[PDB]
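**Student:** Contents of upload.txt (compact mmCIF, C-alpha atoms and all ligand atoms):
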# COMPACT_ATOMS: atom_id res chain seq x y z
CA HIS N 4 -63.72 -17.42 -18.29
CA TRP N 5 -61.47 -15.19 -16.16
CA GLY N 6 -59.12 -12.66 -17.71
CA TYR N 7 -57.94 -9.05 -17.44
CA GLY N 8 -60.51 -7.10 -19.48
CA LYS N 9 -63.33 -4.89 -18.27
CA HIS N 10 -65.77 -7.79 -18.05
CA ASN N 11 -63.69 -10.69 -16.70
CA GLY N 12 -60.84 -8.93 -14.90
CA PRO N 13 -59.60 -8.88 -11.30
CA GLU N 14 -62.68 -7.01 -10.06
CA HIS N 15 -64.82 -9.96 -11.18
CA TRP N 16 -62.75 -12.86 -9.93
CA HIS N 17 -64.38 -13.09 -6.49
CA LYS N 18 -67.61 -14.28 -8.12
CA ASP N 19 -66.06 -17.61 -9.11
CA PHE N 20 -63.15 -17.59 -6.62
CA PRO N 21 -64.40 -16.14 -3.31
CA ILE N 22 -60.93 -16.48 -1.75
CA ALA N 23 -60.17 -13.45 -3.92
CA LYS N 24 -61.33 -11.47 -0.87
CA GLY N 25 -59.39 -13.61 1.60
CA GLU N 26 -56.95 -12.78 4.38
CA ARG N 27 -53.62 -13.33 2.58
CA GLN N 28 -54.08 -12.34 -1.06
CA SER N 29 -51.32 -11.24 -3.45
CA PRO N 30 -49.79 -9.15 -4.82
CA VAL N 31 -49.37 -6.35 -2.27
CA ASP N 32 -47.69 -2.98 -2.06
CA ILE N 33 -44.31 -3.28 -0.33
CA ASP N 34 -43.95 -0.26 1.96
CA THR N 35 -40.17 -0.25 2.34
CA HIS N 36 -40.36 1.93 5.44
CA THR N 37 -42.63 -0.44 7.40
CA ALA N 38 -41.15 -3.77 6.32
CA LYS N 39 -39.01 -5.15 9.14
CA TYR N 40 -35.50 -6.58 9.07
CA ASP N 41 -35.70 -10.19 10.27
CA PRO N 42 -32.33 -11.49 11.52
CA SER N 43 -33.81 -14.97 12.02
CA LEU N 44 -34.15 -15.44 8.26
CA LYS N 45 -31.73 -18.05 7.01
CA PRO N 46 -29.58 -17.21 3.99
CA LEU N 47 -31.45 -17.84 0.75
CA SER N 48 -30.20 -20.67 -1.48
CA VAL N 49 -31.16 -20.64 -5.17
CA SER N 50 -29.65 -23.87 -6.56
CA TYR N 51 -30.43 -23.87 -10.29
CA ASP N 52 -27.31 -25.66 -11.55
CA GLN N 53 -29.19 -28.76 -12.81
CA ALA N 54 -32.37 -27.02 -13.97
CA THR N 55 -34.10 -28.96 -16.76
CA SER N 56 -36.38 -26.75 -18.87
CA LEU N 57 -38.91 -28.54 -21.07
CA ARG N 58 -41.26 -26.28 -22.93
CA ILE N 59 -42.63 -22.79 -23.47
CA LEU N 60 -46.35 -22.22 -23.72
CA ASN N 61 -48.97 -19.51 -24.20
CA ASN N 62 -51.89 -20.30 -21.89
CA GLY N 63 -54.10 -17.33 -22.82
CA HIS N 64 -53.07 -15.45 -19.64
CA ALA N 65 -49.26 -15.38 -19.81
CA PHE N 66 -46.50 -17.60 -21.16
CA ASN N 67 -44.89 -20.31 -19.03
CA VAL N 68 -41.49 -21.95 -19.19
CA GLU N 69 -42.00 -25.36 -17.63
CA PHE N 70 -39.37 -27.52 -15.94
CA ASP N 71 -38.76 -31.16 -15.09
CA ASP N 72 -39.72 -31.23 -11.40
CA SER N 73 -39.48 -35.01 -10.90
CA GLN N 74 -36.15 -34.62 -9.05
CA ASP N 75 -34.46 -31.85 -7.04
CA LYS N 76 -32.82 -30.46 -10.19
CA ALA N 77 -33.53 -26.78 -9.40
CA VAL N 78 -34.50 -25.88 -5.86
CA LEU N 79 -35.03 -22.96 -3.50
CA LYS N 80 -34.31 -23.24 0.23
CA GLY N 81 -33.35 -21.12 3.19
CA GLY N 82 -34.57 -17.62 3.81
CA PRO N 83 -38.07 -17.94 5.26
CA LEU N 84 -38.52 -21.48 3.89
CA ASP N 85 -38.30 -24.65 5.93
CA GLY N 86 -37.87 -27.42 3.37
CA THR N 87 -36.87 -27.84 -0.24
CA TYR N 88 -38.93 -26.16 -2.95
CA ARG N 89 -38.69 -27.45 -6.53
CA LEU N 90 -38.88 -25.13 -9.52
CA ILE N 91 -41.82 -26.09 -11.74
CA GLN N 92 -42.29 -23.08 -14.01
CA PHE N 93 -41.65 -19.40 -14.49
CA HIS N 94 -43.69 -16.74 -16.28
CA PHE N 95 -44.09 -12.96 -16.41
CA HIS N 96 -46.67 -10.22 -15.99
CA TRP N 97 -46.22 -7.03 -17.96
CA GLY N 98 -47.89 -3.80 -19.02
CA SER N 99 -48.86 -1.86 -22.12
CA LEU N 100 -46.49 0.97 -21.07
CA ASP N 101 -43.15 0.92 -19.27
CA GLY N 102 -44.72 2.55 -16.19
CA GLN N 103 -46.95 -0.43 -15.33
CA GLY N 104 -46.94 -4.21 -15.47
CA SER N 105 -45.62 -5.53 -12.18
CA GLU N 106 -48.00 -7.10 -9.69
CA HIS N 107 -46.18 -6.19 -6.52
CA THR N 108 -45.32 -2.52 -6.09
CA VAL N 109 -42.60 -0.87 -4.02
CA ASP N 110 -43.76 2.28 -2.22
CA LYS N 111 -46.58 2.29 -4.82
CA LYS N 112 -44.06 2.26 -7.68
CA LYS N 113 -44.99 -0.04 -10.56
CA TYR N 114 -42.36 -1.74 -12.69
CA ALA N 115 -42.57 -2.57 -16.38
CA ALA N 116 -42.96 -6.27 -15.62
CA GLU N 117 -42.54 -8.99 -13.03
CA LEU N 118 -40.92 -12.42 -13.26
CA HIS N 119 -42.36 -15.23 -11.12
CA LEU N 120 -40.32 -18.39 -10.52
CA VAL N 121 -42.81 -20.90 -9.06
CA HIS N 122 -41.62 -23.61 -6.65
CA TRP N 123 -43.47 -26.28 -4.65
CA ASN N 124 -42.64 -27.86 -1.30
CA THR N 125 -41.27 -31.37 -1.87
CA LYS N 127 -42.59 -32.50 1.51
CA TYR N 128 -46.02 -32.73 -0.18
CA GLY N 129 -45.07 -35.07 -3.03
CA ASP N 130 -46.48 -33.26 -6.06
CA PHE N 131 -47.70 -29.81 -7.07
CA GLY N 132 -51.38 -30.68 -6.66
CA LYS N 133 -50.87 -31.71 -3.04
CA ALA N 134 -48.78 -28.58 -2.52
CA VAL N 135 -51.64 -26.28 -3.56
CA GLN N 136 -53.69 -27.78 -0.72
CA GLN N 137 -51.25 -26.59 1.97
CA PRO N 138 -50.59 -23.20 3.59
CA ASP N 139 -46.85 -23.54 2.88
CA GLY N 140 -47.04 -25.56 -0.34
CA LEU N 141 -45.59 -22.96 -2.71
CA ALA N 142 -42.77 -20.45 -2.82
CA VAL N 143 -42.70 -17.83 -5.56
CA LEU N 144 -39.56 -15.82 -6.25
CA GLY N 145 -40.59 -12.48 -7.78
CA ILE N 146 -38.22 -10.24 -9.72
CA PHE N 147 -39.03 -6.78 -11.02
CA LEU N 148 -38.25 -5.78 -14.61
CA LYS N 149 -37.41 -2.18 -15.51
CA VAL N 150 -36.64 -0.95 -19.02
CA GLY N 151 -33.04 -0.19 -19.88
CA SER N 152 -30.10 -2.33 -20.97
CA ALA N 153 -30.91 -5.72 -22.47
CA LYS N 154 -30.85 -8.81 -20.28
CA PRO N 155 -28.77 -11.40 -22.20
CA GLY N 156 -30.29 -14.34 -20.33
CA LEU N 157 -33.80 -13.29 -21.37
CA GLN N 158 -33.06 -13.10 -25.09
CA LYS N 159 -33.57 -16.82 -25.75
CA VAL N 160 -37.05 -16.57 -24.26
CA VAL N 161 -37.72 -13.53 -26.42
CA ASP N 162 -36.45 -15.34 -29.52
CA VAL N 163 -38.97 -18.15 -29.17
CA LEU N 164 -42.02 -15.98 -28.50
CA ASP N 165 -42.92 -15.83 -32.20
CA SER N 166 -43.66 -19.58 -32.11
CA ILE N 167 -46.27 -19.29 -29.32
CA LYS N 168 -48.16 -16.18 -30.41
CA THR N 169 -51.66 -17.40 -29.55
CA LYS N 170 -53.39 -19.26 -26.72
CA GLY N 171 -52.68 -23.00 -26.75
CA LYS N 172 -49.37 -22.89 -28.64
CA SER N 173 -46.33 -24.54 -27.11
CA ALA N 174 -42.76 -25.04 -28.35
CA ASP N 175 -39.77 -27.05 -27.20
CA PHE N 176 -37.61 -25.08 -24.81
CA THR N 177 -34.85 -27.33 -23.45
CA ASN N 178 -31.53 -26.39 -21.85
CA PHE N 179 -32.60 -22.92 -20.70
CA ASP N 180 -30.68 -21.72 -17.64
CA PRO N 181 -32.94 -19.62 -15.37
CA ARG N 182 -29.90 -18.24 -13.50
CA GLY N 183 -29.51 -15.84 -16.42
CA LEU N 184 -32.67 -14.08 -15.20
CA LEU N 185 -31.41 -13.21 -11.71
CA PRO N 186 -30.21 -9.80 -10.50
CA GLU N 187 -26.84 -9.51 -8.73
CA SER N 188 -28.30 -9.26 -5.22
CA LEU N 189 -30.56 -11.82 -3.57
CA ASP N 190 -31.80 -9.31 -0.96
CA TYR N 191 -35.54 -9.72 -0.61
CA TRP N 192 -38.80 -8.95 1.11
CA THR N 193 -40.98 -11.88 2.17
CA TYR N 194 -44.59 -12.34 3.21
CA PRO N 195 -47.38 -14.95 3.15
CA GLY N 196 -49.85 -14.67 0.29
CA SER N 197 -51.53 -16.30 -2.66
CA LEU N 198 -51.50 -17.07 -6.33
CA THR N 199 -52.14 -13.79 -8.15
CA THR N 200 -54.38 -15.57 -10.69
CA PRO N 201 -57.43 -17.77 -10.23
CA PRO N 202 -57.85 -19.96 -8.28
CA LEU N 203 -55.96 -17.46 -6.04
CA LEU N 204 -55.11 -20.19 -3.50
CA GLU N 205 -53.47 -18.89 -0.33
CA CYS N 206 -50.50 -21.19 -0.61
CA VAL N 207 -47.50 -18.96 -1.28
CA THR N 208 -44.45 -17.82 0.62
CA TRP N 209 -43.61 -14.77 -1.49
CA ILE N 210 -39.96 -13.80 -1.84
CA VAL N 211 -39.65 -10.54 -3.81
CA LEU N 212 -36.14 -9.43 -4.73
CA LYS N 213 -35.10 -5.89 -3.90
CA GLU N 214 -32.99 -5.42 -7.03
CA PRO N 215 -34.85 -5.30 -10.37
CA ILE N 216 -33.30 -6.67 -13.52
CA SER N 217 -33.02 -4.52 -16.65
CA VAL N 218 -34.55 -5.49 -19.99
CA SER N 219 -34.43 -3.58 -23.25
CA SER N 220 -37.48 -1.94 -24.75
CA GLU N 221 -37.25 -4.44 -27.66
CA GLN N 222 -37.51 -7.36 -25.23
CA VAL N 223 -40.61 -6.09 -23.40
CA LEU N 224 -42.10 -5.06 -26.75
CA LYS N 225 -41.82 -8.67 -27.91
CA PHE N 226 -43.74 -9.58 -24.74
CA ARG N 227 -46.47 -7.14 -25.82
CA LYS N 228 -46.79 -8.71 -29.30
CA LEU N 229 -48.24 -11.94 -27.84
CA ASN N 230 -51.97 -12.77 -28.01
CA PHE N 231 -54.53 -13.56 -25.31
CA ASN N 232 -56.71 -15.24 -27.93
CA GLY N 233 -56.32 -18.42 -29.91
CA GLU N 234 -55.59 -18.60 -33.61
CA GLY N 235 -58.69 -17.70 -35.60
CA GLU N 236 -60.24 -15.69 -32.76
CA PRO N 237 -60.28 -11.88 -32.59
CA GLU N 238 -56.77 -10.70 -31.80
CA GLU N 239 -56.33 -9.18 -28.34
CA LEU N 240 -52.79 -8.18 -27.49
CA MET N 241 -51.54 -9.88 -24.32
CA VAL N 242 -50.73 -6.80 -22.23
CA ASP N 243 -51.55 -5.62 -18.71
CA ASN N 244 -51.99 -9.18 -17.44
CA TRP N 245 -51.42 -8.11 -13.82
CA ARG N 246 -53.61 -8.07 -10.70
CA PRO N 247 -53.53 -4.85 -8.64
CA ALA N 248 -52.19 -4.70 -5.10
CA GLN N 249 -54.41 -6.19 -2.42
CA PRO N 250 -54.96 -5.18 1.23
CA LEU N 251 -52.17 -6.34 3.53
CA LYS N 252 -54.63 -7.08 6.39
CA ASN N 253 -52.97 -8.98 9.28
CA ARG N 254 -49.57 -9.36 7.59
CA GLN N 255 -46.10 -7.90 8.19
CA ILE N 256 -43.55 -7.81 5.40
CA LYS N 257 -40.15 -9.01 6.56
CA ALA N 258 -36.87 -7.97 4.92
CA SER N 259 -33.60 -9.86 4.62
CA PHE N 260 -31.50 -6.69 4.59
CA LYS N 261 -30.96 -3.63 6.78
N1 LIG N 301 -46.64 -28.55 -15.40
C1 LIG N 301 -48.04 -28.65 -15.02
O1 LIG N 301 -48.75 -29.40 -15.62
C2 LIG N 301 -48.64 -27.81 -13.89
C3 LIG N 301 -47.61 -27.03 -13.07
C4 LIG N 301 -48.28 -25.90 -12.29
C5 LIG N 301 -48.32 -24.63 -13.13
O2 LIG N 301 -48.39 -24.74 -14.39
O3 LIG N 301 -48.29 -23.49 -12.58
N2 LIG N 301 -49.36 -28.70 -12.97
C6 LIG N 301 -48.93 -29.92 -12.50
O4 LIG N 301 -47.88 -30.39 -12.81
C7 LIG N 301 -49.90 -30.65 -11.52
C8 LIG N 301 -49.92 -31.84 -10.81
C9 LIG N 301 -51.02 -32.17 -10.01
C10 LIG N 301 -52.11 -31.27 -9.91
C11 LIG N 301 -52.10 -30.07 -10.63
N3 LIG N 301 -53.21 -29.15 -10.52
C12 LIG N 301 -54.25 -29.05 -11.53
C13 LIG N 301 -55.26 -28.04 -10.99
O5 LIG N 301 -54.94 -27.79 -9.64
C14 LIG N 301 -55.12 -26.45 -9.28
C15 LIG N 301 -53.76 -25.75 -9.21
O6 LIG N 301 -53.39 -25.35 -10.51
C16 LIG N 301 -53.18 -23.96 -10.63
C17 LIG N 301 -52.32 -23.62 -11.88
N4 LIG N 301 -51.83 -22.27 -11.65
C18 LIG N 301 -50.53 -22.09 -11.04
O7 LIG N 301 -49.87 -23.04 -10.76
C19 LIG N 301 -50.00 -20.71 -10.71
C20 LIG N 301 -48.74 -20.58 -10.15
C21 LIG N 301 -48.26 -19.34 -9.80
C22 LIG N 301 -49.05 -18.23 -9.99
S1 LIG N 301 -48.40 -16.61 -9.53
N5 LIG N 301 -48.85 -15.41 -10.65
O8 LIG N 301 -48.89 -16.31 -8.19
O9 LIG N 301 -46.94 -16.70 -9.40
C23 LIG N 301 -50.33 -18.35 -10.49
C24 LIG N 301 -50.81 -19.60 -10.85
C25 LIG N 301 -51.02 -29.74 -11.42
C26 LIG N 301 -50.59 -28.56 -12.36
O10 LIG N 301 -51.28 -27.61 -12.52
ZN ZN N 302 -47.39 -14.81 -11.69
Could you write out this structure as structure tokens?
Ligand SMILES: NC(=O)[C@H](CCC(=O)O)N1C(=O)c2cccc(NCCOCCOCCNC(=O)c3ccc(S(N)(=O)=O)cc3)c2C1=O
Ligand SMILES: [Zn+2]
**Tutor:**
Amino acid sequence: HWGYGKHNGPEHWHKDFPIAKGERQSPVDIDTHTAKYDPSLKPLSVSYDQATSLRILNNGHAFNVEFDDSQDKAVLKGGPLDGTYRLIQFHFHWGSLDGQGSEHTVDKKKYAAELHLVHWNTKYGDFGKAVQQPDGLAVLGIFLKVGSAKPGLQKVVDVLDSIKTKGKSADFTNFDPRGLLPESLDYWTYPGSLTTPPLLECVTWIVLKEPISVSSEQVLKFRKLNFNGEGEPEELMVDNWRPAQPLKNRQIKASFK
């Protein structure tokens, strides 16, 4: 099916997912000079104090940390959002080298990886309804650069050896996603899509200005994962990122001068 290699990668996706060539696809390059300060943005609220993590899983494309989204235990509101968005999962995209891996870019600069905290609009009842709406999803994106270790990421790193191959999952309760956030909540925002098939144009993207730092050992553990399942030819899970897409009729708004 779809992947990131020469023969099933981003360049091929449009054949099964024609929205791949749509009007509001993600990720994009963030041109800091032409994004516009928007004073009408409300202050962003990331309320993760009751977040209830469940599980960590390797799905053959990335690894997901899934959350109990049956109540408003961990929500995003404010900023460009009108309504309450519930955290359902987070995951990363990363590269084979420290100079690539992020999906969004900033003035064409690529980061070593990118964290995506996925939320869905509670006004639509469940995630599946949300992915049928133009404002059903909000994804908070955070850049990763290589440097000092991120303490809050280490638990994730520790468990990766139990989900090496596609289809493996392990219990992952009591993880606090706040440990993954940079100091500043300054952000750029724009309307776009899922960066993976089915590439649905559902997403209010909120990309933080400040990257977090991770150690080379942490990202290296990322790179030791497998795209394949046990017993299949080993293919290291690296460079699982879609390149920047045309902005088309979209303006990036910024929360900061
Ligand atoms: N815990 C689960 O079981 C997942 C949580 C969602 C997730 O796991 O993500 N789950 C539900 O609970 C649920 C309930 C009802 C229907 C339903 N849909 C089944 C198929 O419907 C098509 C939509 O599915 C797409 C899956 N892809 C993504 O969601 C995704 C998110 C962010 C990015 S990104 N790189 O842009 O940030 C890329 C992809 C689901 C569903 O899938
Ligand atoms: Zn993602």
**Student:** Quick one: contact table of chain N to ligand ZN 302 (chain N), 9 Å max, nearest atom pair and distance in Å to one decimal per residue, counting all atoms listed in the file, chain and number order, as a Markdown table?
**Tutor:**
| residue | atom | partner | partner_atom | distance |
| --- | --- | --- | --- | --- |
| N:65 | CA | N:ZN302 | ZN | 8.4 |
| N:93 | CA | N:ZN302 | ZN | 7.9 |
| N:94 | CA | N:ZN302 | ZN | 6.2 |
| N:95 | CA | N:ZN302 | ZN | 6.0 |
| N:96 | CA | N:ZN302 | ZN | 6.3 |
| N:106 | CA | N:ZN302 | ZN | 8.0 |
| N:117 | CA | N:ZN302 | ZN | 7.7 |
| N:118 | CA | N:ZN302 | ZN | 7.1 |
| N:119 | CA | N:ZN302 | ZN | 5.1 |
| N:120 | CA | N:ZN302 | ZN | 8.0 |
| N:121 | CA | N:ZN302 | ZN | 8.1 |
| N:143 | CA | N:ZN302 | ZN | 8.3 |
| N:145 | CA | N:ZN302 | ZN | 8.2 |
| N:198 | CA | N:ZN302 | ZN | 7.1 |
| N:199 | CA | N:ZN302 | ZN | 6.0 |
| N:200 | CA | N:ZN302 | ZN | 7.1 |
| N:245 | CA | N:ZN302 | ZN | 8.1 |
**Student:** So the first atom is atom CA of residue 39 of chain N and the second is atom CA of residue 213 of chain N; what is the distance between them in Å, to one decimal place?
**Tutor:**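 Calculated distance between atom CA of residue 39 of chain N and atom CA of residue 213 of chain N is 13.6 Å.
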**Student:** Tell me which of N:209, N:88, N:7, N:194 sits closest to ligand LIG 301 (chain N), counting only C-alpha atoms and all ligand atoms.
**Tutor:**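 Going through N:209, N:88, N:7, N:194 one by one, the smallest distance to ligand LIG 301 (chain N) is for N:209.
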**Student:** Determine, using all atoms listed in the file, which residues of segment 130-166 of chain N have any atom at most 9 Å from an atom of segment 216-220 of chain N, and tabulate each with its shortest atom pair and distance in Å to one decimal place, rows ordered by chain and then rising number, as a Markdown table.
**Tutor:**
| residue | atom | partner | partner_atom | distance |
| --- | --- | --- | --- | --- |
| N:146 | CA | N:216 | CA | 7.2 |
| N:147 | CA | N:216 | CA | 6.3 |
| N:148 | CA | N:216 | CA | 5.1 |
| N:149 | CA | N:217 | CA | 5.1 |
| N:150 | CA | N:218 | CA | 5.1 |
| N:151 | CA | N:219 | CA | 5.0 |
| N:152 | CA | N:219 | CA | 5.1 |
| N:153 | CA | N:219 | CA | 4.2 |
| N:154 | CA | N:218 | CA | 5.0 |
| N:155 | CA | N:218 | CA | 8.6 |
| N:157 | CA | N:218 | CA | 8.0 |
**Student:** Hey, could you pull the box centre and edge lengths for segment 103-119 of chain N, axis-aligned, 6 Å padding per side, all listed atoms, to one decimal in Å, as lines of an AutoDock Vina configuration file?
**Tutor:**
center_x = -44.5
center_y = -6.5
center_z = -9.3
size_x = 19.1
size_y = 29.5
size_z = 26.2
**Student:** Which is closer to ligand LIG 301 (chain N) than all the others in N:161, N:204, N:54, N:174, using all atoms listed in the file?
**Tutor:**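 Of all the options, N:204 lies closest to ligand LIG 301 (chain N).
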**Student:** Return the single residue from N:260, N:66, N:192, N:40 that is closest to ligand LIG 301 (chain N), with distances computed using all atoms listed in the file.
**Tutor:**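 Among the listed residues, the smallest separation from ligand LIG 301 (chain N) belongs to N:66.
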**Student:** Take segment 40-52 of chain N from the block and save it with N, CA, C and O atoms, as a PDB file, in the first residue's frame.
**Tutor:**
ATOM      1  N   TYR N  40       0.925  38.578  11.476  1.00  0.00           N
ATOM      2  CA  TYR N  40       0.412  38.691  12.835  1.00  0.00           C
ATOM      3  C   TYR N  40      -1.095  38.894  12.812  1.00  0.00           C
ATOM      4  O   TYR N  40      -1.601  39.774  12.110  1.00  0.00           O
ATOM      5  N   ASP N  41      -1.811  38.082  13.582  1.00  0.00           N
ATOM      6  CA  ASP N  41      -3.271  38.154  13.641  1.00  0.00           C
ATOM      7  C   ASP N  41      -3.725  38.485  15.051  1.00  0.00           C
ATOM      8  O   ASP N  41      -3.861  37.579  15.893  1.00  0.00           O
ATOM      9  N   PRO N  42      -3.984  39.760  15.354  1.00  0.00           N
ATOM     10  CA  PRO N  42      -4.386  40.122  16.721  1.00  0.00           C
ATOM     11  C   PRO N  42      -5.720  39.540  17.141  1.00  0.00           C
ATOM     12  O   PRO N  42      -6.018  39.538  18.341  1.00  0.00           O
ATOM     13  N   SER N  43      -6.538  39.066  16.204  1.00  0.00           N
ATOM     14  CA  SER N  43      -7.840  38.513  16.550  1.00  0.00           C
ATOM     15  C   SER N  43      -7.754  37.066  17.008  1.00  0.00           C
ATOM     16  O   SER N  43      -8.779  36.488  17.383  1.00  0.00           O
ATOM     17  N   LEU N  44      -6.568  36.468  16.974  1.00  0.00           N
ATOM     18  CA  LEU N  44      -6.387  35.139  17.533  1.00  0.00           C
ATOM     19  C   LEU N  44      -6.618  35.193  19.037  1.00  0.00           C
ATOM     20  O   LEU N  44      -6.151  36.113  19.714  1.00  0.00           O
ATOM     21  N   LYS N  45      -7.368  34.238  19.555  1.00  0.00           N
ATOM     22  CA  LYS N  45      -7.509  34.150  20.995  1.00  0.00           C
ATOM     23  C   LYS N  45      -6.275  33.476  21.580  1.00  0.00           C
ATOM     24  O   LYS N  45      -5.537  32.784  20.874  1.00  0.00           O
ATOM     25  N   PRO N  46      -6.005  33.677  22.865  1.00  0.00           N
ATOM     26  CA  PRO N  46      -4.877  32.964  23.472  1.00  0.00           C
ATOM     27  C   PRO N  46      -5.100  31.457  23.420  1.00  0.00           C
ATOM     28  O   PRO N  46      -6.210  30.964  23.632  1.00  0.00           O
ATOM     29  N   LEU N  47      -4.036  30.731  23.095  1.00  0.00           N
ATOM     30  CA  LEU N  47      -4.107  29.279  23.005  1.00  0.00           C
ATOM     31  C   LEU N  47      -4.128  28.648  24.391  1.00  0.00           C
ATOM     32  O   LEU N  47      -3.381  29.052  25.288  1.00  0.00           O
ATOM     33  N   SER N  48      -4.973  27.637  24.554  1.00  0.00           N
ATOM     34  CA  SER N  48      -5.123  26.906  25.803  1.00  0.00           C
ATOM     35  C   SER N  48      -4.829  25.443  25.500  1.00  0.00           C
ATOM     36  O   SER N  48      -5.545  24.814  24.712  1.00  0.00           O
ATOM     37  N   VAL N  49      -3.755  24.924  26.087  1.00  0.00           N
ATOM     38  CA  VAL N  49      -3.408  23.510  26.035  1.00  0.00           C
ATOM     39  C   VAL N  49      -3.649  22.974  27.440  1.00  0.00           C
ATOM     40  O   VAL N  49      -2.854  23.241  28.349  1.00  0.00           O
ATOM     41  N   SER N  50      -4.753  22.252  27.645  1.00  0.00           N
ATOM     42  CA  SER N  50      -5.145  21.770  28.970  1.00  0.00           C
ATOM     43  C   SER N  50      -4.957  20.255  28.982  1.00  0.00           C
ATOM     44  O   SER N  50      -5.860  19.498  28.615  1.00  0.00           O
ATOM     45  N   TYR N  51      -3.767  19.820  29.402  1.00  0.00           N
ATOM     46  CA  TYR N  51      -3.392  18.412  29.373  1.00  0.00           C
ATOM     47  C   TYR N  51      -3.314  17.799  30.769  1.00  0.00           C
ATOM     48  O   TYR N  51      -2.724  16.725  30.937  1.00  0.00           O
ATOM     49  N   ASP N  52      -3.913  18.445  31.771  1.00  0.00           N
ATOM     50  CA  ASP N  52      -3.690  18.039  33.157  1.00  0.00           C
ATOM     51  C   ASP N  52      -4.317  16.684  33.484  1.00  0.00           C
ATOM     52  O   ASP N  52      -3.832  15.988  34.385  1.00  0.00           O
TER      53      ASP N  52
END
